[PDB]
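Peer 1: Sending over model_25.txt (compact mmCIF, C-alpha atoms and all ligand atoms).
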# COMPACT_ATOMS: atom_id res chain seq x y z
CA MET A 1 13.38 -15.47 -9.46
CA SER A 2 16.21 -13.17 -10.61
CA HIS A 3 15.04 -9.86 -9.08
CA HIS A 4 17.70 -8.16 -6.92
CA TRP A 5 16.01 -4.85 -6.12
CA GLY A 6 15.51 -3.69 -2.56
CA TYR A 7 15.79 -0.63 -0.34
CA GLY A 8 19.53 -0.68 0.38
CA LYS A 9 22.16 1.80 -0.85
CA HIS A 10 23.12 -0.42 -3.70
CA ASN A 11 19.77 -1.73 -4.87
CA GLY A 12 17.37 0.97 -3.66
CA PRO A 13 14.78 3.13 -5.46
CA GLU A 14 17.37 5.18 -7.38
CA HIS A 15 18.65 1.98 -9.01
CA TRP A 16 15.34 0.41 -10.02
CA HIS A 17 15.14 2.07 -13.43
CA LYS A 18 17.99 -0.07 -14.74
CA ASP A 19 15.95 -3.26 -14.58
CA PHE A 20 12.55 -1.51 -14.72
CA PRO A 21 12.74 1.44 -17.12
CA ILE A 22 9.11 2.31 -16.41
CA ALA A 23 10.47 3.68 -13.12
CA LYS A 24 10.92 7.00 -15.01
CA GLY A 25 7.47 6.72 -16.61
CA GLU A 26 4.58 9.15 -16.98
CA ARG A 27 2.38 7.94 -14.11
CA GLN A 28 4.66 6.67 -11.36
CA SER A 29 3.78 6.46 -7.66
CA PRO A 30 3.95 7.56 -4.94
CA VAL A 31 3.59 11.32 -5.30
CA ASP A 32 3.43 14.31 -3.01
CA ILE A 33 -0.16 15.46 -2.51
CA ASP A 34 -0.22 19.29 -2.60
CA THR A 35 -3.43 19.93 -0.66
CA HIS A 36 -3.85 23.44 -1.89
CA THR A 37 -3.54 22.38 -5.59
CA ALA A 38 -5.79 19.30 -5.39
CA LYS A 39 -9.20 20.29 -6.64
CA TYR A 40 -12.54 19.14 -5.29
CA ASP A 41 -14.27 17.07 -7.95
CA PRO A 42 -18.11 17.05 -7.82
CA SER A 43 -18.18 14.24 -10.37
CA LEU A 44 -16.76 11.77 -7.84
CA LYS A 45 -19.39 9.24 -6.71
CA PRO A 46 -19.53 8.04 -3.10
CA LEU A 47 -16.74 5.58 -2.16
CA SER A 48 -17.95 2.08 -1.16
CA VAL A 49 -15.74 -0.16 0.97
CA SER A 50 -17.53 -3.43 1.62
CA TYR A 51 -15.39 -5.67 3.80
CA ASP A 52 -18.06 -7.49 5.85
CA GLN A 53 -17.43 -10.75 3.97
CA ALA A 54 -13.64 -10.44 3.72
CA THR A 55 -11.88 -13.70 4.49
CA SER A 56 -8.17 -13.51 5.21
CA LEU A 57 -6.04 -16.56 4.73
CA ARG A 58 -2.40 -15.99 5.46
CA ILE A 59 0.35 -13.49 6.28
CA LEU A 60 3.65 -13.64 4.35
CA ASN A 61 7.02 -11.93 4.74
CA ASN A 62 8.08 -11.50 1.08
CA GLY A 63 11.43 -9.84 1.71
CA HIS A 64 10.14 -6.28 1.14
CA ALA A 65 7.04 -6.08 3.39
CA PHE A 66 4.50 -8.47 4.87
CA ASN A 67 1.27 -9.21 3.01
CA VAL A 68 -2.01 -10.24 4.64
CA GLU A 69 -3.64 -12.23 1.83
CA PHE A 70 -7.35 -12.75 1.24
CA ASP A 71 -9.41 -15.37 -0.55
CA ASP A 72 -10.42 -13.51 -3.74
CA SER A 73 -11.92 -16.53 -5.59
CA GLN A 74 -15.42 -15.19 -4.93
CA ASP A 75 -16.95 -11.74 -4.86
CA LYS A 76 -16.59 -10.88 -1.17
CA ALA A 77 -14.61 -7.83 -0.02
CA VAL A 78 -14.95 -5.16 -2.68
CA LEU A 79 -14.13 -1.56 -3.30
CA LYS A 80 -16.28 0.47 -5.69
CA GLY A 81 -17.57 3.99 -6.22
CA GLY A 82 -15.46 7.10 -5.87
CA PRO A 83 -13.46 7.45 -9.11
CA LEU A 84 -13.91 3.78 -9.99
CA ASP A 85 -15.91 2.24 -12.77
CA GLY A 86 -16.71 -1.32 -11.84
CA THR A 87 -15.93 -3.53 -8.88
CA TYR A 88 -12.49 -4.19 -7.43
CA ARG A 89 -11.81 -7.23 -5.25
CA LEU A 90 -9.53 -7.16 -2.22
CA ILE A 91 -6.52 -9.47 -2.63
CA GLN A 92 -4.02 -8.31 0.02
CA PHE A 93 -2.87 -5.49 2.21
CA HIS A 94 0.59 -4.50 3.38
CA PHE A 95 2.44 -1.55 4.88
CA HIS A 96 5.50 0.62 4.24
CA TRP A 97 7.23 2.11 7.28
CA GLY A 98 10.36 3.83 8.50
CA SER A 99 13.25 3.44 10.88
CA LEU A 100 11.98 6.54 12.76
CA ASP A 101 8.49 7.97 13.34
CA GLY A 102 9.23 10.95 11.08
CA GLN A 103 9.41 8.86 7.91
CA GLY A 104 7.94 5.73 6.37
CA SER A 105 5.02 6.72 4.20
CA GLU A 106 5.26 6.65 0.39
CA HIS A 107 2.74 9.36 -0.41
CA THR A 108 3.37 12.65 1.36
CA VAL A 109 0.95 15.48 2.18
CA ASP A 110 2.38 18.92 1.56
CA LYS A 111 5.77 17.16 1.81
CA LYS A 112 4.89 15.68 5.24
CA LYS A 113 5.98 12.05 5.68
CA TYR A 114 3.90 9.88 8.02
CA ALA A 115 5.33 7.03 10.12
CA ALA A 116 3.80 4.41 7.84
CA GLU A 117 1.30 3.80 5.07
CA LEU A 118 -1.18 0.94 4.62
CA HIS A 119 -2.03 -0.28 1.10
CA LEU A 120 -5.25 -2.32 0.56
CA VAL A 121 -4.87 -3.78 -2.94
CA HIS A 122 -7.89 -4.56 -5.12
CA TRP A 123 -8.16 -5.81 -8.71
CA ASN A 124 -10.79 -5.00 -11.35
CA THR A 125 -13.01 -8.06 -11.71
CA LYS A 126 -13.69 -7.37 -15.37
CA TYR A 127 -10.15 -8.60 -16.11
CA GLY A 128 -10.76 -12.01 -14.54
CA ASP A 129 -7.55 -12.42 -12.55
CA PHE A 130 -4.95 -10.30 -10.82
CA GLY A 131 -2.23 -11.16 -13.33
CA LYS A 132 -4.35 -9.90 -16.21
CA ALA A 133 -5.52 -6.86 -14.27
CA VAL A 134 -1.99 -5.50 -13.69
CA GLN A 135 -1.54 -5.33 -17.47
CA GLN A 136 -4.40 -2.78 -17.72
CA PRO A 137 -4.38 0.96 -17.02
CA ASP A 138 -7.40 0.59 -14.73
CA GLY A 139 -6.54 -2.86 -13.42
CA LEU A 140 -6.03 -2.08 -9.74
CA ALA A 141 -7.42 0.22 -7.10
CA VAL A 142 -5.26 0.72 -4.05
CA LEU A 143 -6.62 2.32 -0.92
CA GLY A 144 -3.82 4.12 0.90
CA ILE A 145 -4.12 5.02 4.59
CA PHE A 146 -1.53 6.96 6.57
CA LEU A 147 -0.36 5.87 10.02
CA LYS A 148 0.79 8.28 12.72
CA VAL A 149 2.20 7.31 16.10
CA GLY A 150 0.01 8.03 19.12
CA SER A 151 -2.76 5.86 20.56
CA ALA A 152 -2.78 2.16 19.67
CA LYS A 153 -5.03 0.81 16.91
CA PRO A 154 -6.80 -2.15 18.56
CA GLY A 155 -7.65 -3.66 15.20
CA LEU A 156 -3.98 -3.84 14.27
CA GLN A 157 -2.81 -5.85 17.28
CA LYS A 158 -3.55 -9.29 15.80
CA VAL A 159 -1.21 -8.37 12.96
CA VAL A 160 1.48 -7.11 15.35
CA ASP A 161 1.36 -10.28 17.44
CA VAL A 162 1.81 -12.68 14.54
CA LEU A 163 4.94 -10.94 13.20
CA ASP A 164 7.22 -12.93 15.50
CA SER A 165 6.30 -15.97 13.42
CA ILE A 166 7.27 -14.48 10.04
CA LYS A 167 10.46 -12.68 10.96
CA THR A 168 12.34 -13.53 7.79
CA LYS A 169 11.83 -13.56 4.04
CA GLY A 170 9.84 -16.55 2.80
CA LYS A 171 8.10 -17.24 6.07
CA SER A 172 4.32 -17.40 6.19
CA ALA A 173 1.66 -18.11 8.81
CA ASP A 174 -2.03 -18.95 8.77
CA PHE A 175 -3.97 -15.76 9.37
CA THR A 176 -7.70 -16.36 9.15
CA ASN A 177 -10.64 -14.24 10.24
CA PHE A 178 -8.77 -10.93 10.36
CA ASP A 179 -11.21 -8.04 9.79
CA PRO A 180 -9.66 -5.24 7.73
CA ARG A 181 -12.49 -2.90 8.76
CA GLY A 182 -10.53 -2.46 11.98
CA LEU A 183 -7.78 -0.60 10.09
CA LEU A 184 -10.03 2.12 8.59
CA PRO A 185 -10.28 5.69 9.85
CA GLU A 186 -13.64 7.31 10.62
CA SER A 187 -13.79 9.41 7.45
CA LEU A 188 -13.51 8.17 3.88
CA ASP A 189 -12.59 11.62 2.46
CA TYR A 190 -9.82 11.02 -0.09
CA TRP A 191 -7.54 12.23 -2.85
CA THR A 192 -7.27 10.23 -6.07
CA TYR A 193 -4.98 10.13 -9.09
CA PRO A 194 -3.76 7.61 -11.74
CA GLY A 195 -0.49 5.95 -10.81
CA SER A 196 1.54 2.78 -10.46
CA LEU A 197 2.76 0.00 -8.24
CA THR A 198 5.40 1.50 -5.93
CA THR A 199 7.56 -1.64 -6.04
CA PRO A 200 9.04 -3.33 -9.13
CA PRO A 201 7.60 -4.07 -11.66
CA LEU A 202 6.20 -0.54 -11.10
CA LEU A 203 3.36 -1.22 -13.54
CA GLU A 204 1.15 1.78 -14.39
CA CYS A 205 -2.11 0.06 -13.56
CA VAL A 206 -3.31 1.70 -10.39
CA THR A 207 -6.09 4.12 -9.51
CA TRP A 208 -4.82 5.46 -6.18
CA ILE A 209 -7.33 6.45 -3.51
CA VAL A 210 -5.51 7.99 -0.53
CA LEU A 211 -7.54 8.74 2.59
CA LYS A 212 -7.06 12.14 4.19
CA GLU A 213 -7.58 10.93 7.80
CA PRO A 214 -4.66 8.93 9.18
CA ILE A 215 -5.12 6.16 11.67
CA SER A 216 -3.16 6.20 14.90
CA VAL A 217 -1.00 3.28 15.99
CA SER A 218 1.17 3.06 19.11
CA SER A 219 4.92 3.33 19.29
CA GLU A 220 5.02 -0.30 20.47
CA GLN A 221 3.00 -1.45 17.46
CA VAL A 222 5.28 0.18 14.88
CA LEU A 223 8.37 -0.88 16.84
CA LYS A 224 7.34 -4.50 16.17
CA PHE A 225 7.18 -3.81 12.42
CA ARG A 226 10.80 -2.62 12.69
CA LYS A 227 11.95 -5.95 14.13
CA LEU A 228 11.10 -7.81 10.94
CA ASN A 229 13.91 -8.82 8.58
CA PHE A 230 14.47 -8.25 4.84
CA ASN A 231 16.80 -11.27 4.87
CA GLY A 232 15.93 -14.93 4.97
CA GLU A 233 16.54 -17.20 7.96
CA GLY A 234 20.20 -17.91 8.64
CA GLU A 235 21.38 -14.83 6.75
CA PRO A 236 22.98 -11.63 8.06
CA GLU A 237 20.22 -9.69 9.81
CA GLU A 238 19.00 -6.58 8.02
CA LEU A 239 16.08 -4.94 9.72
CA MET A 240 13.03 -4.40 7.52
CA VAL A 241 12.79 -0.62 7.89
CA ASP A 242 12.46 2.23 5.38
CA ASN A 243 10.80 0.01 2.80
CA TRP A 244 9.24 3.03 1.10
CA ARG A 245 9.79 4.56 -2.34
CA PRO A 246 10.06 8.43 -2.27
CA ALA A 247 7.69 10.76 -4.11
CA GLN A 248 7.94 10.70 -7.91
CA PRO A 249 7.32 13.49 -10.48
CA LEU A 250 3.63 14.28 -10.89
CA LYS A 251 4.11 15.03 -14.59
CA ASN A 252 0.88 15.36 -16.52
CA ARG A 253 -1.53 14.54 -13.73
CA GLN A 254 -4.04 16.18 -11.45
CA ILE A 255 -4.91 14.99 -7.98
CA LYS A 256 -8.66 15.23 -7.29
CA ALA A 257 -10.22 15.66 -3.85
CA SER A 258 -13.50 14.01 -2.85
CA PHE A 259 -14.21 16.75 -0.31
CA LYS A 260 -14.47 20.47 0.39
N1 LIG B 1 3.01 -0.72 -2.99
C1 LIG B 1 2.11 -0.85 -3.95
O1 LIG B 1 2.19 -0.42 -5.08
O2 LIG B 1 1.04 -1.55 -3.53
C2 LIG B 1 0.09 -1.89 -4.55
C3 LIG B 1 0.44 -3.21 -5.15
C4 LIG B 1 -0.34 -3.72 -6.16
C5 LIG B 1 -0.10 -4.94 -6.73
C6 LIG B 1 0.96 -5.66 -6.27
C7 LIG B 1 1.78 -5.21 -5.26
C8 LIG B 1 1.51 -3.97 -4.71
ZN ZN B 2 2.52 -0.71 -1.08
Transcribe the structure of this file into structure tokens.
Peer 2:
Amino acid sequence: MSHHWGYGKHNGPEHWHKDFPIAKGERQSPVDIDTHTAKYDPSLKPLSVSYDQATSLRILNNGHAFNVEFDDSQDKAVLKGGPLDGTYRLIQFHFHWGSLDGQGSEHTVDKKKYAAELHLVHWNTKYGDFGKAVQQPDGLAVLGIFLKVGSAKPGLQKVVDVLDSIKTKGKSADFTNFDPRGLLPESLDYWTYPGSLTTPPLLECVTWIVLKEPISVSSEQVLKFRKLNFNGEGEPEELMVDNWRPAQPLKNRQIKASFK
């Protein structure tokens, strides 16, 4: 209730460390993925994304992005395999995007910034609840997917069309029966490394799994994202754009590739 961080000049990423010292920690995210340095790891098991039973409930503008929330009270949509030990339950997804097509993603690939990045957030069921999971080094598994501007992503349109109803911070709308399988690329090849939440509290509880294949969305689709507001209703309008944290020091970490 007293947080004041954001993405502006005075409360942006370079200021976060004052209230969240872990911002200068040993396993912060995002990071630049150097494709030539990432090493193929034969020990990685096949990745398993099981979203057939996913049941979405609502979409919320929280002042820094919009979250499509899922009912995680039962074992439905789960992520397992790959570098993960155990089962991780889908709780929400959201995006980070830019003011221009040349920027917006959090992770970068050989310093390349994509127009946006989708984060599907899952928590380790062995910890019982999300709140407990974020206090553990292996509490969350976040599937990151890059977005590039080109052809439209049909499966994203239902999200785009509901944004008019959650323009400002604090607004929410019912959002049932949305199938997240429609946001996945063809290939599940990925890079993985141990990291953190990319927004305060920046907790170091995430196993990051970043897909190599981006999905394509249309210019009209991302333009709608850019009409959202960081501000609440009846406040000076500040477009919700460039809500991404830049790449952080890799420090003592190795990025592993699931392929080639
Ligand atoms: N951006 C980012 O770190 O997404 C992952 C995440 C996990 C848990 C809560 C919020 C966000
Ligand atoms: Zn995110």
Peer 1: For residue A:209, work out the shell of residues within 9 Å, counting all atoms listed in the file and skipping chain neighbours fewer than 5 positions away, then give it as a PyMOL selection string.
Peer 2: chain A and resi 82-83+141-145+190-193
Peer 1: For atom CA of residue A:195 and atom CA of residue A:30, quote the distance in Å rounded to one decimal.
Peer 2: 7.5 Å
Peer 1: How many Å separate atom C3 of ligand LIG 1 (chain B) from atom CA of residue A:218?
Peer 2: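 Going from atom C3 of ligand LIG 1 (chain B) over to atom CA of residue A:218 covers 25.1 Å.
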Peer 1: Extract, using all atoms listed in the file, all DNA, RNA and protein residues at most 10 Å from residue A:73, discarding same-chain residues fewer than 4 positions from it, and format them as a ChimeraX atom specification.
Peer 2: /A:89,91,129
Peer 1: Enumerate residues in contact with ligand LIG 1 (chain B): an atom-to-atom distance of at most 10 Å, counting all atoms listed in the file. Format the result as an MDAnalysis selection string.
Peer 2: chainID A and resid 28:30 64:65 67 91:96 106 117:123 130:131 133:134 139:144 195:208 243:245
Peer 1: At a cut-off of 9 Å, using all atoms listed in the file, what residues contact residue A:226? Leave out same-chain residues fewer than 6 positions from it and give the result as a PyMOL selection string.
Peer 2: chain A and resi 97-99+239-242
Peer 1: Smallest atom-to-atom distance to ligand ZN 2 (chain B): which of A:214, A:104, A:81, A:170, using all atoms listed in the file?
Peer 2: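 Among the listed residues, the smallest separation from ligand ZN 2 (chain B) belongs to A:104.
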Peer 1: Considering only C-alpha atoms, can you say which of A:247, A:159, A:38, A:147 comes closest to residue A:14?
Peer 2: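 Under the stated criterion, the closest residue is A:247.
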Peer 1: Rank A:146, A:259, A:70, A:40 by their smallest atom-to-atom distance to ligand ZN 2 (chain B), using only C-alpha atoms and all ligand atoms, and report the top residue only.
Peer 2: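 Of the candidates, the smallest distance to ligand ZN 2 (chain B) is held by A:146.
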